[PDB]
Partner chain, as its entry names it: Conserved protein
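A lone chain, given as structure tokens: the form solved without its partner chain.
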């Protein structure tokens, strides 16, 4: 409700700014598999560099958002993501996460995303099932994020064989770019799948 209002708002704001963007997170998993409880908006935004990301964040802070946190890292792309606090709606305050260089394949995710009617009269770009599988494998944390393991099950159960292969190729690109850190994500996937 308030979450849905925030989604519509950030959707219209990013598109008006001509940003290459895609929904990830709960709305996207819900769209690709089984609707599940979602209380924030998670978006990938493909931009050229940190300077472009910061220019976009300053543009949003002139509108109905305030900055709650920045995620910075030692990589060539120092700005990984920002967390914004939305005030589109008035029942409760709602978080909006913008991901720039968090998983390392933000450009490919925005490019492969597909237009889907998420809400009545809201068509938004949604990450592919394969890209969501890759993202959830990377982000899985059972002490801090137990929804990831369940989301991953739902996504794999909803995927086609080609989706699975696309996910494995998405994992290799993440790894080629160093975003795996020290982890063999494909081997982790195999072991989770054995159950």
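Numbering follows the first chain given and starts at 1. For clarity, a rigid core is taken as the largest C-alpha set superposing within 1.5 Å between two forms. Only residues modelled in both forms are compared.
Missing here is the form deposited with its partner chain bound; even so, the following discussion is about that form.
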Original post:
At the 4.5 Å heavy atom threshold, is residue 39 in contact with its partner chain in the deposited bound form?
Top reply: yes
Subject >> its partner chain contact in the deposited bound form: residue 79, any heavy atom under 4.5 Å >> reply: no
Original post:
With the partner left out of view, is residue 111 within 4.5 angstroms of its partner chain in the deposited bound form by any non-hydrogen atom?
Top reply: no
Original post:
Applying a 4.5 Å heavy atom distance criterion, does residue 4 contact its partner chain in the deposited bound form?
Top reply: yes
Original post:
Only one of 44 to 52, 57 to 65, 31 to 39, 162 to 170 gets a heavy atom within 4.5 Å of its partner chain in the deposited bound form; which is it?
Top reply: 31 to 39
Subject >> Stretch 101 to 126: residues contacting its partner chain in the deposited bound form, 4.5 Å heavy atom cut-off >> reply: 116, 117, 118, 119, 120
Original post:
Looking only at residues in both forms, which consecutive runs of at least three have C-alphas displaced 2 Å or more between the shown form and the other one after fitting the rigid core?
Top reply: 37 to 40, 91 to 93
